[PDB]
Amino acid sequence: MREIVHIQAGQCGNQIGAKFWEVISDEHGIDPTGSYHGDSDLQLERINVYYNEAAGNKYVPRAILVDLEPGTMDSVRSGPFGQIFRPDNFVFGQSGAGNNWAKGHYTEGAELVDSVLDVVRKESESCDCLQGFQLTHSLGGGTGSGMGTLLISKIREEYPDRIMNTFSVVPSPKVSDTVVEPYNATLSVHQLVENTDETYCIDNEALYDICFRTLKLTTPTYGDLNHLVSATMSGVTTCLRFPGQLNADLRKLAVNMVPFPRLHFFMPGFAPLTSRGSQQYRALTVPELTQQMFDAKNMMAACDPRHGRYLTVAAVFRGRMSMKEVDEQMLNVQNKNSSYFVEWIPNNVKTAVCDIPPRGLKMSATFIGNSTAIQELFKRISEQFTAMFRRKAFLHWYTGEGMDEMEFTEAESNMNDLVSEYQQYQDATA
Amino acid sequence: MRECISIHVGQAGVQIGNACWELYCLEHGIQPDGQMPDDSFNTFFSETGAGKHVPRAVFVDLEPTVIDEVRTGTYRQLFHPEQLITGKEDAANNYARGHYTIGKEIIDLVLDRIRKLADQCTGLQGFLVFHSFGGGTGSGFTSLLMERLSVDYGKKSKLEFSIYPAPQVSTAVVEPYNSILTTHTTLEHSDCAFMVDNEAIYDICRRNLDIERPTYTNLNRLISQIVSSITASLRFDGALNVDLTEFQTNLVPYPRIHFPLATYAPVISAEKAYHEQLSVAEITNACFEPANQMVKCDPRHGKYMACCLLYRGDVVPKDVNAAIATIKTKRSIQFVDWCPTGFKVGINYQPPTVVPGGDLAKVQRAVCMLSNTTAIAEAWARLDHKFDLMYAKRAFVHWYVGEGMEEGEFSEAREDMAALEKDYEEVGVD
Ligand SMILES: Nc1nc2c(ncn2[C@@H]2O[C@H](COP(=O)(O)OP(=O)(O)OP(=O)(O)O)[C@@H](O)[C@H]2O)c(=O)[nH]1
Ligand SMILES: Nc1nc2c(ncn2[C@@H]2O[C@H](COP(=O)(O)OP(=O)(O)O)[C@@H](O)[C@H]2O)c(=O)[nH]1
């Protein structure tokens, strides 16, 4: 349990992973050439978890990039740090899937899945004691979702003993590339729950809402959402990139957070929110942010925790800490909202403290939570899939590639079973 | 001659072991490199032919960080590398992972090293174990090591300086599972164990040591001071010395009930050293207060089997007898009719040794009091109440199940703890 390897897929997933690497390299003092350029020894202590040593003192991300469309990969080297990633990671296709899951799963996913498994192997036996695998990818887009399903299936059948995390980009009706997204979305979430154990639900609905009302962006482009995506999804990895007695590894993350083998979905949150170019924030005090965690308006999953009960709660604080008052805030929050925590899991609200703050901000606090209230997202996608599927439309493309509607029925039944699990765990007494 | 072996497993175990060994070598004037500038140090130390003294202990864990810290710390030249056992994959807050899945790859080397250390021991007296209940490594690995050592030796005494997790310092929510499993496993295999509640040390540091926020350093310094006060009898000579066999003799009603409660006095911070030092009568009168034990229990409810005392510094026996006579008149102390009195008295004329730069202040004399009572039952009561809240819904059970465990272990451990508390009230009723 020592190192992490990264995989990204889909143009959305590739973009957000690239911005993630931007942020991580910037906070760890890693120049575009991989040499250390920070000002403290904290960054270099755990730099190995997300980077590999190279010739001299160059540090390279352990990121395998995959994408079926050449435009995305041209773009990904078009931006900054497009040269730090070694060409070996870049194993790509050309046909393009275009909002379909099974077609890219079988008709065109085979001839590159072998190569991606080969490269992740080379990374694996190149690595010593890796914790596991974390994947960032899109779900509504058929290309990225299908590639992610291929990768998760192959890695689990190849490395079942490694805690294998993933990051999910839930499709948004408001910002939707196509309309046939819920098909692949349901198929991929079924595969995700049936095959993985660590996932963060980052829906573009919540990102669009927060970038619209709070960032005052009338038409927030994908970069506007990606900014907050990168901020929060670096925040989740803060506990995995700096020394700390909380959330040392992915396996510890799972053991602390997920209580049940099926339900392993996450509802990430982070405050204070920061727009693009907005640096008017003062020294935010701990009480306002620790009361702001309860808010669903700063939540990066399209759900409201007030409608559910938290199972397990994680949060990391960054900046200058007089963390005695932070513990006092814990005490007040517990004594004031014990009704929103399951009584049968005492001492589930634990936090750590970090000293490296994010960029331009001297105070920050990520809010990682697992609550049954995330079932609102699954109810939304279920009602969408049912109301757009009872006509039995758009199935021609899938059924032409070996898809049988029995797969759709079993997937929807399983996901409704997850919804039922949510409902029964929500009302559980003490 | 009269060798005693110390076992340090888990992060907390090795931390407190480093602290206690530092205090030990400081007390006996042993330099950090082991050179000499009571002759009882040979019980806890092994004399190398060059004249250097290396402790006859072992550092074991499934994680490489803290071991590496020891390997580059103050006493890196003190311990040989062989007794600093290093793992690669950690248990990750799991009794099952630290017991079956991952511990097996290391237990063989651990026992080989223990035999190697014992090869230099002729009159071996027993085993000292330091391990945290909450930690997966320090519970599963501790239990399996306890079983293996009992198989190897058996009748030889096997102590345990167990660490009781506290919500302020707790790092996982599965901690009651691990504590229950490890204590049910080692209860038959351990003849006497020490059960220190870290909330007690934490609030003592908050109040007595006026620490704004106690850290692992201060907690472990206090713990090491108390452990040194306990082990002074083995590390020195006294009018009525207590040894491991004597520990079992004077502090065990039944093999099942082997959890003595300890109190150590005094606790004066370095910033208030100028105040008049407490007297023997003063420390005796302040010893039984609910702010000086090892767990957050009220001794008024309980009834003491026997009250064992160990005195440090310049203490006159006549005033000790006077203080004992005054204390016996108190209504707080109550003895079972089966056990009339066991008031062993031990005096160590050596003044206590304070750690340099330590929060606590140097005092001329000190006392640590050992007495088991039914008041200790409340700790197991709250702990197994937490376990029952866990098990009423089978939370986190799948993590254990996937690593060679079934719910039968949970059930049998819970009923074993029920029988143990049953014994608690049964001996507590005349
Ligand atoms: N007495 C003591 N306990 C500690 C200390 N640090 C952490 N703990 C507690 O020890 C428990 C966790 O056990 P660990 O210290 O991690 O030891 P471990 O068995 O190796 O567990 P892993 O590191 O996850 O493998 C938590 O309840 C912590 O609160 C310490 O400096 N002293
Ligand atoms: N936050 C964000 N969402 C995106 C981005 N690109 C696409 N999406 C969303 O994700 C869905 C489209 O998935 P897509 O990126 O096309 O996956 P692909 O087919 O593998 O390329 C739509 O709901 C889009 O609104 C992006 O750059 N950022």
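Header annotation of the entry names cryo-EM as the structure determination method and lists the resolution as 3.6 Å.

(A) How the structure looks around empty space enclosed by the protein. Residues and elements named next belong to chain B. As a volume, the largest cavity reaches approximately 240 Å³. Lining the largest cavity are 16 residues, and of these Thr284, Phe288, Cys307, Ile327 and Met369 sit closest to its centre. Among the secondary structure elements, those contributing two or more residues to the lining of the largest cavity are helix 11 (280-287), strand 10 (304-313), helix 12 (317-328) and strand 12 (365-373). Classifying every residue of the lining of the largest cavity by side-chain character gives 14 nonpolar, two polar and no charged.

(B) Broad picture of the sheet that holds strand 12 of chain B. All names here are of chain B. Spatial strand order, 9-12-10-11: four strands in an open sheet with mixed pairing. Of all the strands in the sheet, just strand 9 (261-265) and strand 11 (345-348) have a single pairing partner and so form its edges. Between one strand axis and the next, the sheet turns through 15 degrees on average, direction left out of account. Note that strand 9 and strand 12 share five bridges and pair antiparallel. Bridge pairing links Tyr264 to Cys368 in strand 12.

(C) The arrangement of the packing of helix 7 (residues 175-186) of chain B against helix 13 (residues 377-391) of chain B in detail. Residue and element names in this part refer to chain B. Look at helix 7 against helix 13: their axes get within 9 Å of each other, and the N-to-C directions meet at 115 degrees. Relative to helix 13, helix 7 is oriented so that their crossing is left-handed. From helix 7, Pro176, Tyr177, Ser179, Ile180 and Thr183 reach across to helix 13, where they touch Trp380, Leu383, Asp384, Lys386, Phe387, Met390 and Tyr391. By residue class, the composition of the contact of helix 7 with helix 13 is eight nonpolar, two polar and two charged.

(D) Geometry of the site of ligand 1. What surrounds ligand 1 is a group of 21 residues, the closest being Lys252 of chain A together with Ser132, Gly138, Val169 and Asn220 of chain B. At the site occupied by ligand 1, the surrounding residues belong to chains A and B. With respect to ligand 1, the side chain of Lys252 of chain A contributes an N or O atom lying 2.4 Å from an oxygen atom. The contact in question runs from an oxygen atom of ligand 1 to an N or O atom on the backbone of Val169 of chain B, over 2.4 Å. Protein contacts shield 95% of the accessible area of ligand 1, which totals 640 Å² for the unbound molecule.

The rules we used
- Residues numbered from 1 in each chain as written, not as in the entry; some residues may be left out.
- Chains lettered and ligands numbered in written order.
- Heavy atoms only, no water.
- 1 Å grid on protein atoms, 1.4 Å probe; cavity = no way out; pocket = protein on both sides within 12 Å on 5 of 7 lines; lining within 4 Å.
- Points joined across faces, edges and corners; volume = space filled by probe spheres on them.
- Helix = DSSP H or I, 4+ residues; strand = E, 2+ residues; numbered from the N terminus.
- Nonpolar A, V, L, I, M, F, W, Y, C, P; charged D, E, K, R; others polar.
- Pairing = 2+ DSSP bridges.
- Axes fitted to C-alpha atoms, helices over the stretch in contact; angles between N-to-C directions.
- Left-handed = near helix turned anticlockwise from the far one by under 90°.
- Contact = heavy atoms within 4.5 Å.
- Near = heavy atom within 4 Å.
- Polar contact = N/O pair within 3.5 Å; in protein donor to acceptor, adjacent residues only side chain to side chain.
- Areas by Shrake-Rupley, 256 points an atom, 1.4 Å probe, with all protein chains shown as cover.

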